[PDB]
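Notes follow once the structure below has been shown.
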Amino acid sequence: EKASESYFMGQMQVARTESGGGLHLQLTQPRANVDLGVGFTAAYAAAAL
Amino acid sequence: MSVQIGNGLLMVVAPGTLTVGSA
Amino acid sequence: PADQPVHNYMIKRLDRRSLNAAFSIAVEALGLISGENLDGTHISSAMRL
């Protein structure tokens with residue numbers, strides 16, 4: 001639908017670890033969401049097979 | 001708009017090894 | 001019985017997810033980038049590039 005999901009994106013965080021002489025970076029981005037329509041807002045049909 | 005001045009900080013903490021060994 | 005106009009009050013709770021991708025880096029490449037394995041030669045520039 002026109003706007004069927006509230007969706008929030010966080011601030012990206014990076015965290016490493018010196019495992020074997022070389023860095024090992026691990027990027028991470030927290031994010032959360034919530035529906036924002038009373039009643040149903042999406043539906044599928046299962047056409048083919 | 002996300003990459004390397006805190007990913008700056010992050011990689012090259014590198015050129016510091018003594019932090020000398022002597023009092 | 002003539003129904004009186006009904007009201008209500010409903011709330012909704014967020015859900016929290018995440019994402020993460022990672023990438024490593026070799027052990028001697030790390031010496032090449034910083035400069036501790038760099039030599040004032042004509043080859044090591046090529047490897048650093």
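For the structure tokens, the naming scheme is as follows: chains receive sequential letters (A, B, ...) according to their order of presentation, residues are indexed from 1 within each chain, and ligands are indexed from 1 in presentation order.
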Counting only C-alpha atoms, chain C residues within 10 Å of chain B, as a PyMOL selection string | chain C and resi 30-31+33-36
I need the residues from that last selection saved to file as a compact mmCIF listing (two decimals), in the first residue's frame (with N, CA, C and O atoms), if you can.
# COMPACT_ATOMS: atom_id res chain seq x y z
N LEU C 30 48.32 -5.15 5.57
CA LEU C 30 48.22 -4.17 6.63
C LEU C 30 49.54 -3.44 6.85
O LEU C 30 49.55 -2.23 7.10
N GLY C 31 50.66 -4.15 6.77
CA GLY C 31 51.94 -3.47 6.81
C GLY C 31 52.14 -2.57 5.62
O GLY C 31 52.78 -1.52 5.74
N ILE C 33 49.77 -0.86 3.92
CA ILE C 33 48.93 0.34 3.96
C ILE C 33 49.50 1.35 4.94
O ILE C 33 49.71 2.52 4.60
N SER C 34 49.75 0.92 6.18
CA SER C 34 50.21 1.85 7.21
C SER C 34 51.56 2.45 6.84
O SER C 34 51.75 3.67 6.92
N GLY C 35 52.51 1.61 6.44
CA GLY C 35 53.84 2.07 6.08
C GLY C 35 54.96 1.41 6.85
O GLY C 35 56.13 1.72 6.59
N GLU C 36 54.67 0.52 7.80
CA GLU C 36 55.72 -0.10 8.59
C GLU C 36 56.50 -1.15 7.81
O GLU C 36 57.62 -1.48 8.20
Go through chain A and flag each residue having an atom no more than 7 Å from chain C; for those, report the closest pair of atoms plus their distance in Å to one decimal, using only C-alpha atoms, ordered by chain and rising number, as JSON lines.
{"residue": "A:21", "atom": "CA", "partner": "C:27", "partner_atom": "CA", "distance": 5.0}
{"residue": "A:22", "atom": "CA", "partner": "C:27", "partner_atom": "CA", "distance": 4.3}
{"residue": "A:23", "atom": "CA", "partner": "C:25", "partner_atom": "CA", "distance": 5.7}
{"residue": "A:24", "atom": "CA", "partner": "C:24", "partner_atom": "CA", "distance": 4.3}
{"residue": "A:25", "atom": "CA", "partner": "C:22", "partner_atom": "CA", "distance": 5.7}
{"residue": "A:26", "atom": "CA", "partner": "C:22", "partner_atom": "CA", "distance": 4.3}
{"residue": "A:27", "atom": "CA", "partner": "C:20", "partner_atom": "CA", "distance": 5.4}
{"residue": "A:28", "atom": "CA", "partner": "C:20", "partner_atom": "CA", "distance": 4.4}
{"residue": "A:29", "atom": "CA", "partner": "C:19", "partner_atom": "CA", "distance": 5.4}
{"residue": "A:30", "atom": "CA", "partner": "C:18", "partner_atom": "CA", "distance": 4.5}
{"residue": "A:31", "atom": "CA", "partner": "C:17", "partner_atom": "CA", "distance": 5.5}
{"residue": "A:32", "atom": "CA", "partner": "C:16", "partner_atom": "CA", "distance": 4.1}
{"residue": "A:33", "atom": "CA", "partner": "C:15", "partner_atom": "CA", "distance": 5.6}
{"residue": "A:34", "atom": "CA", "partner": "C:14", "partner_atom": "CA", "distance": 5.1}
Based on the selection just made, write C-alpha atoms of those residues as a compact mmCIF listing (two decimals), in the first residue's frame.
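And here's out.txt as it stands now:
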# COMPACT_ATOMS: atom_id res chain seq x y z
CA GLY A 21 47.80 -9.84 12.38
CA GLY A 22 45.12 -8.52 10.03
CA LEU A 23 42.07 -6.53 11.03
CA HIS A 24 38.64 -8.12 10.78
CA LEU A 25 36.04 -5.36 10.60
CA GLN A 26 32.36 -6.08 11.22
CA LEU A 27 29.92 -3.37 10.16
CA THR A 28 26.56 -3.17 11.90
CA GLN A 29 23.42 -1.05 11.54
CA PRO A 30 20.54 -1.25 14.03
CA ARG A 31 17.10 -0.69 12.58
CA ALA A 32 13.52 -1.06 13.76
CA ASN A 33 10.08 -1.07 12.19
CA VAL A 34 6.38 -1.09 12.99
Kindly provide the residues of chain A that approach chain B to within 9 Å, each paired with its closest atom pair and their distance in Å to one decimal, based on only C-alpha atoms, listed by chain and increasing number, as a tab-separated table.
residue	atom	partner	partner_atom	distance
A:11	CA	B:2	CA	8.9
A:12	CA	B:2	CA	7.5
A:14	CA	B:7	CA	7.4
A:15	CA	B:10	CA	8.6
A:16	CA	B:10	CA	8.4
A:23	CA	B:11	CA	8.3
Could you take the residues named above and write them with C-alpha atoms, as an mmCIF file, in the first residue's frame?
data_model
loop_
_atom_site.group_PDB
_atom_site.id
_atom_site.type_symbol
_atom_site.label_atom_id
_atom_site.label_comp_id
_atom_site.auth_asym_id
_atom_site.auth_seq_id
_atom_site.Cartn_x
_atom_site.Cartn_y
_atom_site.Cartn_z
ATOM 1 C CA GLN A 11 23.685 4.932 12.916
ATOM 2 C CA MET A 12 26.185 2.487 11.485
ATOM 3 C CA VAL A 14 31.951 -0.749 13.110
ATOM 4 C CA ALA A 15 33.898 -3.081 15.361
ATOM 5 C CA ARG A 16 37.096 -4.958 14.590
ATOM 6 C CA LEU A 23 42.075 -6.528 11.028
#
In Å, with one decimal, what is the gap from atom CA of residue A:37 to atom CA of residue A:8?
->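 One can read the atom CA of residue A:37 to atom CA of residue A:8 distance as 16.2 Å.
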Which neighbours of residue A:36 fall inside 8 Å, counting only C-alpha atoms, when residues of the same chain fewer than 4 positions from it are skipped, and could you give them as number ranges by chain?
-> A: 4-6
DSSP on the backbone, then: every residue of chain C marked helix (DSSP H, G or I), written as a VMD selection string.
-> chain C and resid 27 to 34 44 to 48
Could the residues in this selection be written to a file with C-alpha atoms, as an mmCIF file, in the first residue's frame?
data_model
loop_
_atom_site.group_PDB
_atom_site.id
_atom_site.type_symbol
_atom_site.label_atom_id
_atom_site.label_comp_id
_atom_site.auth_asym_id
_atom_site.auth_seq_id
_atom_site.Cartn_x
_atom_site.Cartn_y
_atom_site.Cartn_z
ATOM 1 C CA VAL C 27 48.400 -9.509 7.455
ATOM 2 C CA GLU C 28 51.083 -8.104 5.147
ATOM 3 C CA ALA C 29 48.681 -5.853 3.261
ATOM 4 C CA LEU C 30 48.221 -4.167 6.630
ATOM 5 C CA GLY C 31 51.937 -3.475 6.810
ATOM 6 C CA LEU C 32 51.780 -2.110 3.285
ATOM 7 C CA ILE C 33 48.935 0.335 3.962
ATOM 8 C CA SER C 34 50.214 1.847 7.208
ATOM 9 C CA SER C 44 56.995 -1.096 -2.745
ATOM 10 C CA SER C 45 55.046 1.857 -4.111
ATOM 11 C CA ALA C 46 53.490 -0.470 -6.683
ATOM 12 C CA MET C 47 52.483 -2.999 -4.039
ATOM 13 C CA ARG C 48 51.043 -0.262 -1.833
#
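The gap separating atom CA of residue A:9 from atom CA of residue A:41 is 21.7 Å, in Å to one decimal.
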